[PDB]
Amino acid sequence: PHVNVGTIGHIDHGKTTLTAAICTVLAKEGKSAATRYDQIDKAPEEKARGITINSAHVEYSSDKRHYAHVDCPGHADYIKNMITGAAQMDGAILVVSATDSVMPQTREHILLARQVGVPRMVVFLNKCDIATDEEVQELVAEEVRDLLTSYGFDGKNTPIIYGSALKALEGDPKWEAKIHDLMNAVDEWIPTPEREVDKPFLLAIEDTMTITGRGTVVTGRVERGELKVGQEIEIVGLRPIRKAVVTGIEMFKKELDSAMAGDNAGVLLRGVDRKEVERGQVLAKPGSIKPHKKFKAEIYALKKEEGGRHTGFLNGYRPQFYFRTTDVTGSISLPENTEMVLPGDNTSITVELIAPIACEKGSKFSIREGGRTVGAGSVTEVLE
Amino acid sequence: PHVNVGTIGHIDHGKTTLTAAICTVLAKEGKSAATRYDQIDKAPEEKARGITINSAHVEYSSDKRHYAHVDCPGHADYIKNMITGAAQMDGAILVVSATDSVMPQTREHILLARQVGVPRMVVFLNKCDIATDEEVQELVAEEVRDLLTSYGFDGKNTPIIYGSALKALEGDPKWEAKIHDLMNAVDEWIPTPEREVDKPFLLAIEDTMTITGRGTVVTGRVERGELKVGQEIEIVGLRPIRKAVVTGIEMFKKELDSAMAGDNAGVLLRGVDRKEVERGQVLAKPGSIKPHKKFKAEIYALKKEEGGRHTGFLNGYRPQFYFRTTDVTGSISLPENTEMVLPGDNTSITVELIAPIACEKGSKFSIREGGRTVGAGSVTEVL
Ligand SMILES: Nc1nc2c(ncn2[C@@H]2O[C@H](COP(=O)(O)OP(=O)(O)O)[C@@H](O)[C@H]2O)c(=O)[nH]1
Ligand SMILES: Nc1nc2c(ncn2[C@@H]2O[C@H](COP(=O)(O)OP(=O)(O)O)[C@@H](O)[C@H]2O)c(=O)[nH]1
Ligand SMILES: [Mg+2]
Ligand SMILES: [Mg+2]
């Protein structure tokens, strides 16, 4: 079980150089492959549910943990990666050039990280081989700390390493030591992710089937947590919420006592009629998630050359919102002074659905029109 | 009195080419000067102190009016120019590429145009030599109209000319004709600006004085309008608003009967004690402007190299707000999810001053910290 991290920050501040520096320094101890800057600086197109992103992925391990590291060419790739959940960062490495201090994309990545629930951050104050004046370095560091605090992060205790990603790539051991310092800070500051099996149980219902005399079997993938026979669940979304007692769990055709995250299982609910359950609802640990018709979210509207809309949309745009296994029609309201959202834009929106869906902070959804995906979103607030 | 216009729109949609095309076509009638694209596109960057705005300037006359036309290279130049007011625009020529449709800077320039008070717009749907197929052009046109309307403009009646800036510049007479259609649209849709001397009188008080035998005399520059001896004015700002009759106007050590925009004049006020006036107040036509402690504004934060802050400021920043002649301390409240404003940024803000200052929509001000200018703003709403 590895830890997911990534290099965020303003363009040309040194994310890719730092990524190559980590891999190069760690490869000398046999803890990574010798990944070169030019392999990562290339924009490697990938596809994650309709959204095309240029994104690089490397792997390395520390003395304590193994890491999966994401790095992206463009600011637009970071927006797309974080909203869709294609990245999923247990912790972020914020690169800030000491010669430029905080820049607009530095703030946007930190805000997006707060909205998609990135727990913690470690800062690499880069280009200190250029900005050698310590008073300059401290002024940038104090600005980064204020920025982290203003967005809910622990600016006082966030580790900030003063280094040079370039000179570390060159083999200068004085600057290589900062790469070691950054790795220890990541080991100690970025928490090990909670296993999906310890989270509140959730299963997205795909099919229903009546077992005459006993109840109704609902089938779907357990997204997180663990369910046990005899436990009580809630059926959330679309229809009025209700509780049910699980009397059976089967996967192939064997009868199992439990189901956990990753399982595609049939769940027998005692006394529930097939008309009470439908696709799009979720089984959930009672009280762990609620139904909502109104929510706030950050969205990315796909460009025309990505299969998205060809023109912008206004207030009152009424598309379909795809949540896990089904779509629900909703109406979109826009923030003040945003009167048109164009293809390629990312913006906050407020959505009033016609039917309630089970959603929380961090729920992912696709915006669809005529069956094609025109945008992707991440729920930031349940507003009901 | 010429009309101030300018090309706005997303980068690479043809603003500079259209600017050169307008002059080149009208120069054939002696109504402008033949202008190549490189004269404006490759002009050098600006090498001075303070806020740095890159902008080119041309002149041309249509059949009915004379025009001063400004064209800027970068998006940041348009933000700075419109917020500070150095690019005062009685009307705008929005350039939109028929190949790319409306882009984020197209919407951004329209929003900024409304906040600084640009009343009207004509649209030059450009690159119709590439995007032949009048159906494709008409779709982009409807998108521009919907965008114009969504931001408070009359998108339904806004003149839209389907042209090609390049082929007009190169002398294609079919496309040259669309330059003349654009001039007709500007002549008829862009309203002639109201004369400065005809606007409601405003004077910004700089100095106050007691002529022991005569009375209180306030001195300042007339921002707009005209003041005549015997008229009633209002003293707006820093004190409860009151009225007073003008009994004297002095300039160049002579008693005069009137003062107008641009004049620096000492104004003698009847029944006003010196403790009732002070720098930062304004004299104004009664009811034309009100004092406010709270307002909304679009501001541009100066970069470090422009003499501004080296670091970003947070919610609750309490700087000075320099209005015409004096600064008033005030607190800044930022829009949602904007927790820090960096040097070089532009953002809408809400301000609460410690004292009421006379202000209105379009009032310009500076943000100052320790005496040095760190930002420039334009009031968008008074509360
Ligand atoms: N002097 C110096 N240059 C650096 C450093 N890190 C990156 N650069 C340079 O800055 C430029 C951008 O770095 P890159 O990693 O591409 O930035 P990214 O866009 O944030 O990935 C490249 O030309 C690097 O060589 C550093 O620590 N010191
Ligand atoms: N084919 C064609 N190209 C154009 C037209 N107008 C502008 N261009 C091209 O678009 C590019 C950018 O135009 P420019 O005037 O610099 O746009 P600006 O950045 O808004 O000022 C230039 O290479 C022009 O040659 C047009 O009507 N037709
Ligand atoms: Mg990079
Ligand atoms: Mg230009």
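Protein chains in written order, with the deposited numbering: chain A, 11 to 394; chain B, 11 to 393. Beta carbons: idealized from backbone N, C-alpha and C, even for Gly.
Proximal chain A residues relative to residue i, where beta-carbon distance stays under 9 Å
| i | result |
| --- | --- |
| B:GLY322 | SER111, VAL112, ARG117, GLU153, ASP156, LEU157 |
C-beta neighbour in chain A for residue i, strict 8 Å
| i | result |
| --- | --- |
| B:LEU352 | yes |
| B:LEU121 | yes |
Under 7 Å by beta carbon: chain A residues contacting residue i
| i | result |
| --- | --- |
| B:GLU349 | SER160, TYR161 |
Assigned exposure category for residue i - 16 Cβ within 10 Å defines buried
| i | result |
| --- | --- |
| A:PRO329 | buried |
| B:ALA58 | exposed |
| B:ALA271 | buried |
| A:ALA30 | buried |
| A:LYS177 | buried |
| A:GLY19 | buried |
| B:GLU242 | exposed |
| B:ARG280 | exposed |
| A:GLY165 | buried |
| A:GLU349 | buried |
| B:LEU212 | buried |
| B:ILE120 | buried |
| B:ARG46 | exposed |
| A:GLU145 | exposed |
| B:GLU153 | buried |
| B:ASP156 | buried |
| B:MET193 | buried |
| B:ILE215 | buried |
| B:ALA311 | buried |
| B:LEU293 | buried |
| A:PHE262 | exposed |
| A:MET113 | buried |
Cross-chain neighbours of residue i in chain A, by beta carbon under 8 Å
| i | result |
| --- | --- |
| B:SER358 | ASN347 |
Proximity test, Cβ basis, 8 Å: residue i and chain B
| i | result |
| --- | --- |
| A:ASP355 | yes |
Chain B contact residues for residue i, given Cβ-Cβ distances below 9 Å
| i | result |
| --- | --- |
| A:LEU312 | Correct list: empty, because the minimum Cβ distance to chain B is about 15 Å. |
| A:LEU149 | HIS320, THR321 |
Cβ-heavy atom distance, residue i to ligand 6, below 7 Å
| i | result |
| --- | --- |
| A:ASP191 | For the structure depicted, ligand 6 is absent and the ligand set comprises only ligand 1, ligand 2, ligand 3 and ligand 4. |
Exercise. Can you list, in chain order, every residue whose CB sits closer than 5 Å to a heavy atom of ligand 3?
Worked result: A:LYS25, A:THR26
Problem set entry | Those runs of the beta strand (DSSP E) which lie wholly inside the region 203 to 262 of chain A and span at least 3 residues | Every beta strand (DSSP E) stretch that sits fully inside the region 203 to 262 of chain A and reaches 3 residues is listed by chain position as 212 to 221, 225 to 234, 236 to 238, 242 to 246, 252 to 260.
Exercise. Unbroken beta strand (DSSP E) runs of length 3 or more, entirely within the region 129 to 217 of chain B: which are they?
Worked result: As summarised for the region 129 to 217 of chain B, the continuous beta strand (DSSP E) elements at least 3 residues long and confined to that stretch are 131 to 136, 170 to 172, given in chain order.
Exercise. In chain order, which alpha helix (DSSP H) runs of at least 4 residues are fully inside the region 298 to 322 of chain A?
Worked result: none
For this session: Within the region 41 to 104 of chain B, note down every full alpha helix (DSSP H) run reaching 4 residues or more, in order along the chain.
Result: 47 to 51, 85 to 94
For this session: Jot down the residue ranges of each uninterrupted beta strand (DSSP E) in the region 332 to 378 of chain A, minimum 3 residues, whole runs only, in chain order.
Result: As far as the region 332 to 378 of chain A is concerned, its whole beta strand (DSSP E) runs of at least 3 residues are 336 to 343, 356 to 368.
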